[PDB]
Structures are given as structure tokens and as C-alpha cells.
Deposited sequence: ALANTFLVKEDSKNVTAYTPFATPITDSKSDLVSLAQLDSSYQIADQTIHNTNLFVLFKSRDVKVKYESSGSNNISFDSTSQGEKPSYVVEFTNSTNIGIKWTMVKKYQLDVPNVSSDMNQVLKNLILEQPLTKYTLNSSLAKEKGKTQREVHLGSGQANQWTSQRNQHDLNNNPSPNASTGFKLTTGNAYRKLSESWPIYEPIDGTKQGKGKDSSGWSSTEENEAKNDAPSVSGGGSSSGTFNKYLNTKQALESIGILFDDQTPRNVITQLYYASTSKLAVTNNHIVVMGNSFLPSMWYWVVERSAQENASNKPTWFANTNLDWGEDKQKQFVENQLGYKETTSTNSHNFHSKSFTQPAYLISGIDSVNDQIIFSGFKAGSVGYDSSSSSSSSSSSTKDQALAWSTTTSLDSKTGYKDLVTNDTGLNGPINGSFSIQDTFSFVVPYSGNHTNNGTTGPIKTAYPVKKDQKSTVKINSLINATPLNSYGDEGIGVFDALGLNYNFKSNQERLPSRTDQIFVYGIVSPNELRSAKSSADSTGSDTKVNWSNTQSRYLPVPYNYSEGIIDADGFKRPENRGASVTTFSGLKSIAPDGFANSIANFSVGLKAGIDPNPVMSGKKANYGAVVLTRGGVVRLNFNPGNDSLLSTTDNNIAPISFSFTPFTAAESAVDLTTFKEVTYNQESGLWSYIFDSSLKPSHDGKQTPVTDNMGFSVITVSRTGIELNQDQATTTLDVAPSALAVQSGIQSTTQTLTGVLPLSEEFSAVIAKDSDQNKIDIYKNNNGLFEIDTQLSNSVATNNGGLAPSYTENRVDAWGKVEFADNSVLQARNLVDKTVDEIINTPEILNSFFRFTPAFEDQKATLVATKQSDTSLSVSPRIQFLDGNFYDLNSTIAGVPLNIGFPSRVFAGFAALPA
């Protein structure tokens, strides 16, 4: 379509011409039209073929989780509350104008819960969501028991040197390795039926109740509410020495409320989960947002009969290729304890599920394939014992960061056994670092349950709110989180985690989508789905988003780590991803081969490129296992891109003519108030980041049918921005020009930005030109002005006699472009704007001509031009020339 769709608010979409004007009566309440009540809002939209697919979700939605029986997750059907999220297909039904009409409507039902699954769900606990205002110190949690305390007890590390071997701990040098972190202080953990609080502790090493939910409601919630009360008033607001109050930051990331109380976790998880949409020839796929963990995603068969309910597939049911199989195992071993003969000791690992949650970046389609990316949300076992048990109320988690004397090559670094089955890092003193070595047997690791616990014990599953597994407030955590563990000897090289800060991506075939649908619909037991064209990557937050890290040496940890993060987040430890988008490269490839395609996604401090081999629709690889997998490239932001508030992402578009992605950030999406309940004042304006491909791409000639270097991208805060206007929309008309529609009060105003060697700058004279449209749909045309149509001066009629063209015929002149171009002189308003003349015979002696002129979008327009079938009626002139012969 020749037009741009703009979400004007939560319900309405309006169609815009390339002249930044609305098509008259295009404005449409998609919610009303989808026959959904006014609690519903548009979450996401996409065009596929010609139709508009819209994902809708409800403010009134209520979900409950009941551990007994077995249809355990369901909607709360008393009051208003049976309000599932829908996807809708609309088609334009006029040839003139835009008249959307509904075609199909698909309901997104709650997930089936298998018996096995319900035994994990029973005791599943979830961290409160990370928020703009969450602090490094808010995240910090107190260190759990050491390796020897769990295994031996009261009985120091002199017993260690010889009792190692009888707990399967042979040659392990780290009796002082953390086994995880206390769940009795810190960010709240809650089960599916409880509700998270509006308060976050400032120092979670001291100030919150963690999972101690009873604790919270009879002591500590009272200290919070008194320290950090909501804005109502007459004003009131107190002191915030202990807790932030983030209710409004919670409202703004999609947490739902009954008055001042968040709804239950499972409800929050369902609302979040229905956030992004992608479409292929057979499927609709819906996945969650990048603010909360999603535990499931929907595959909807477009063939689905009207009033079906469509079912989500659990990710715990979705095995991915993590790159090597050992990468999968790191993750699964740390999910929870095994053998677990025990009694009620059910967690994700103990029941043979895989990683259960992701922080999804987003979701797209290229050619019947689906692309996703995301962060592994942290998940680990915790001891829920209730009697001693040394680990009681502790989470079980440890660094899995590669040892120093590992062979240096992606595969070697990745498969190295360090931390595979249990703890091993912490501090080590011979030129101090956090990582070591790896006589009569190899070094060994094992899970922090002691063998006399074996079957007394109760290890249940939790999920974090970020990509960290391990919150323990020791120094290894900071270096894990910030990509600071480095080796020696070679040209250095950096040591990966396999559990913290793991990015995941892939491309999913339609047969893959088909097993997932089948997994979701499975009778009785859990059936499973393998997605084989995926990878994983250790992707830490840049360390330059902190200050004052002590190395060469009392060590810096999460509770002392100082954030200078500029990207809108208080914290400098947790990664975040947004706005995954694919596109087809316009730059053609050798004629044997199929069109290249990529995706990009934003993370903290850089853009990630995803590279594909088309024509077999796989991740890109090279053969040498040593070089890192070539389907991922990371290019760090400069200062100006890092300055953008990532929490303000509004949308991302791709343009095929230009080969460029445009990320739109709208500051109006900032919460109303701070975590100190102060009003937020920099909520005005917007920012655009433009991402392009870099590098040598696949298949340009015989040299590049294979590659040992991954293609990359580059993001550039492009010069299009504002701290003053309220954005309606950005129309990327061409590489050389973008149009911005904004208000300074109640206006809509059009501004044109022009690209000057890679930097966009506003052009005031073009803006005034484009914006003077006199209420029509396009810029006016004035004879004496170099306006948006340039300027056209016609030759006088006496040119015919001078040039001896009177001897020619009308039809002869009319069939000679070259001659017609000599009847006018054009002056362009921008550098390569083109114009020609269209002729029309008027009589035997005479013709008329009328210019056809190129606009900022690169298209030609003339008298007969339409958009969405509606004539523009731009007033191009026409001029008669006469005195031609009839030979």
C-alpha cells in the first residue's frame, strides 16, 4: 500500500499519505470494529500480504492459578474478567479510501497444565519485575552458604582436603564458593497466586522480605508504606531511606491493578505474554514483551475454525539448540536438583523440563519463517525446606564462568567443564582473580545438596526478573554481569558465563511451529518440541555503564556497585533487549542464489545483528569451531545512542528500498512519577535511531559463498529528535528524507528532516513547503516558487518556429521525450529531484503538457495521482503548444 499506518492512540489507527496528511475518514476504532469492549487495547500490529493483523489485550483481564484439581490456570469468570487476548485479521474493503472490515478473530486461551507441570507450578516463585528505578543495590541479595557449610557443616575447611572425595568433590579447590543467595531479604518472590508489591528495597541485602510473603504482610510492608508512600492530596510524600515506591513505573510497563494493589502474578504473566505478533502464510505467533518473563507463546494456525480456543506452548516444553549440547546442560543443571526421589521435591529439572522463561525481545517474519530473540530469564532451584537443612530459604545458584587456563577458541571456552554441576568460582589468590586452572583424577563439581539431605530435602523452582541466575552479593557476580572476567597469555580474550546474561535467538520453520501447536494441544502428558535453528550468546551489560570497579585487589559487589547508566535504567547490571525486526536486503546477490535477509535487535549499549543463510533458511555458520558463531554480531553504541532511554521504545519499522531499520522512541511513555514519587518532567519529545548493515555479506561473488566473518550492523542516533514536541509519527519517506508529525500543543505540525551525509537535520523551508497544503492531502503548487515540487518554467510558443519543430507533427513530437524535455526548465528543491512532461494531443495542430515530478519519497506524481484510490489533485499546471503541422 502507498500509505503509512499510525497508531494514534490505544484504539485508533489512521492511514497517512507520504505527504504526512491523513486519508480522510481512514481513522478507525479497531477495538470497536473487532467487537471487543472498551477495556481492550491494541498491543501490536502487522501487515501481511495486504491485510492488517492486530493483537488486542484487556485491562480487565483476571487469571487465577489453583494448585489442586487439574485445569489449574483459568480466567476469573465472576464479575468482568473473562477477557482473553485476541488477534484479528482485517482487510481494506474499498478501492477508494480505507474501510477496514473484520475477517477472522482468534482467541488466545490460557495454557494446559499437565500433572507433571502442576507439581513444579505448586511451588514456583517469581521475582518482582525490574523497573526503570530498580537499583544495582535493589537487586543484590545476601550470599548463601559456602560449598563446605552445606556438605560438612560445623567443621571447618581442614576436614575439606580429604572429605571432598566422598561427596563427589574431587580436587575441587573452592570450599568457599557460594551456593547461591538468601530468599529472606530482597526483591520479593511470589507464587502464581500471590501479588507482587509496589515497593522495591533500596538495599535488598537488608531491606526486603524476599519470598517470606507472611513476613512481608504482617511486619515489613508497614515500614515500606510509611517510608515511601504513594503521592496521595495536599502533597504528603516522605523520605525513601529504605524503599522506592514504583507503582507508576509498574503501571507503565503493563502491570495491572485493583486500586493500589497489583493483580496476581499469573495474571501479570498472561497480560505481558500477549504483547507481540508475527504472521506467516499459515500461522499467527504471539509472544511476550521485554519487561516481564514469558513462560509461554502461542502458535495459531490460520486455518483455525472461528470459536476455537488457541493454546500456548510452554517454553519448558520447547528445547532449543544452545549452540553446543554442553551449553544446554549448564542451564539445565542449574534449574534445580536431580534424582529428587524425595517426596514434594519438584522443580523444572527434576521433572525433565528445559529453560522455562525468556525476556523476549520481539518477533518477526521473513518468507514463512519466524524470527525471535531474547534473554534467558534466570531460573534456579531453591530450598523450601521448613523443618535444619543448611540451605533453608536459599536459592541455589553459582557462577559458571570459564576457568583461566582454558584453550582459547569459542567452542573450547564454551564447553569447558568449569561450574557444570555445581559451585566453583569466588576469589583465588595468586595474582588475584575469580577463575584458576581446569595428579590422579580430573577436577569435579556437584550440586549443593549434601548426600544425608539426599531425600529429606525440598528443592523447588524459581524464575528471576532479569537475565541473572546468581544474585549473590560477592565480587564474581559483578564481573559475570559486566563481562569482566578476562584470561592471560594470548592476546587476552574474555571468559563467558553460561548462566548469566545469555541471549538466545533463532529462526523457526513452519514444521517447527507445527510441533509447538501440537505440544500445546497435547492430551495428558507433556509433549515436546525441538527448535534446531537457534543459538545462545553470553551478552553482558557494558562495564562503562558503571564506575569505580576495584581490580588489582575488600572487593566491588552488587550492593556497592555504582551505576552511571545513561540508557534510562537506574541499574547497570541487567541486560535488556528491544525491538527485534527482520528485513530483506535490497542489494542483490549472484543469480544462482536466493535474496539475503537479516534481523537486528537493540540491547544495552549496542545493536545485535542476526545473520542467516537463506535458501536453506538457517543460521549462518562457518566451519572452524574456533571462531565464534557467525550468526551473531554486536556493535557497541557510541555516547549518542547510549543516551537514548531504551524503556521508551515505541516501534521499529524496516524499509526495503533503503535497507534500513528505524527505531522510534517516544518520551511520553515515561512513567508519571519516580520511585521517590516525584513527577517526571523530561516526558516530552522523541528520538529515532537508524540501523544499517555493515560488513561483507553472503553471496556477492564466488569469494563469499562462505564466510569466516560475521556481518554486522551499526546504529546511529540519526539527528531526528526533540525534547519539546509530542510525537504522532515518523514517516521514513526515503533514505534522504523523513517526515515527523507532532504537536507543540493541539496542532499536528509537519517537519521534514533531510539526511546530510548520514546526519539528519531539520529543513525549515522544505517543512514549510510540505506543510502548506491548504487542507488538501498534498503540498500546494505555485508557479513562481521553488516549492516541494521544485519550479517549472515553460518555453514560450515561439520556440517551435525558432527550433523548426513546426515541420513536425503532434504525434511525432509526442513520441520524442527528448523534444518534450526541451519545452521546460526545471529547478529542483532538493538535489536529484527529477521531473518530466506528460503530453496529450489537443487538436491536429496542438498539444499540452503537464509535469510529472518526484516528491521526497522518490515517487513521481502528476494530475492523475492517487493514494488509496483517492485522487490527490495536486495543482500541477498544464501548458498548450501550438502551430505543429499535419504532414
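Coordinate coverage of the deposited sequence breaks at 1-2, 235, 391-394, 446-455, 571-580, 915-916, these segments carrying no C-alpha atoms.
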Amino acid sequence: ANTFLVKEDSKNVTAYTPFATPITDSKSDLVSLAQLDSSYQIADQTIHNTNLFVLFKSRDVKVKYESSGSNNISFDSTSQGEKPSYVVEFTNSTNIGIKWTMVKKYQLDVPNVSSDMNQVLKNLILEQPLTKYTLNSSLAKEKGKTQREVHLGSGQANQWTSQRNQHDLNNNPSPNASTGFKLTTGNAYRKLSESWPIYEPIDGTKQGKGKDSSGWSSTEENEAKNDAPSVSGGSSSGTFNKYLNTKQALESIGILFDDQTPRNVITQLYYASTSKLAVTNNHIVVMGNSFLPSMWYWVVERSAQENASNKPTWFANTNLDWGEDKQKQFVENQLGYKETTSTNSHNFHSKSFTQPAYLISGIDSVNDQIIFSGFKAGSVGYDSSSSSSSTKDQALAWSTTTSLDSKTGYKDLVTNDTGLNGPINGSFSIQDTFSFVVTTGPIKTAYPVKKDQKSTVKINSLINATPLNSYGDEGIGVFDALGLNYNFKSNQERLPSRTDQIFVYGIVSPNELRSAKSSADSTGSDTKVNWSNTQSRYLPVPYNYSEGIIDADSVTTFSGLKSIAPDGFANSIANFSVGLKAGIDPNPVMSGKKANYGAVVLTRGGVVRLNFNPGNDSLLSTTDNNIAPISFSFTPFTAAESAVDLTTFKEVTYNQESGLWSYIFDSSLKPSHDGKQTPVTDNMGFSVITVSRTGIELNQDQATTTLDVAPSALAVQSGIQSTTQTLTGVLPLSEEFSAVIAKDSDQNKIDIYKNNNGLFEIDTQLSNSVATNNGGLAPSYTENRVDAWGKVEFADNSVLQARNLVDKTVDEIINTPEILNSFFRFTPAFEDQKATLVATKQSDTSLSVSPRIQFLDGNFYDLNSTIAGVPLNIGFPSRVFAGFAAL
From here on, numbers count along this sequence of modelled residues.
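The term rigid core refers to the maximal set of C-alpha atoms that superpose within 1.5 Å between the two forms.
Once the rigid core is used to overlay the structures in 4 other deposited structures of this protein, the stretch among 156-164 and 562-570 whose CA atoms lie farther from this form is 156-164.
Put simply, when the other structures in 4 other deposited structures of this protein are lined up on the rigid core, the C-alpha atoms of 335-343 lie farther off than those of the other stretch, from 574-582 and 335-343. Of the other structures of this protein that model both sides of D553, a third or more give it no coordinates. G233 is a gap in at least a third of the other entries compared, counting only those with both neighbours built.
Comparing 165-173 with 192-200, the stretch with the higher mean C-alpha B-factor in the PDB entry is 165-173. Averaged over their C-alpha atoms, the temperature factors of 301-309 and 97-105 are higher for 301-309. Highest CA B-factor among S85, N289, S217, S642, as stated in the entry: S217. Considering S734, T772, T391, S692 together, the PDB entry gives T391 the largest C-alpha B factor. Compared with the other modelled residues of the chain, the Cα B-factor recorded for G381 ranks in the middle third.
Per-chain ranking of the deposited C-alpha B factor places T78 in the highest third.
Per the deposited record, the Cα B-factor of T523 falls in the highest third when ranked against the other modelled residues of its chain.
Sort the chain's modelled residues by C-alpha temperature factor and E793 lands in the lowest third, per the entry.
Compared with the other modelled residues of the chain, the Cα B-factor recorded for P129 ranks in the lowest third.
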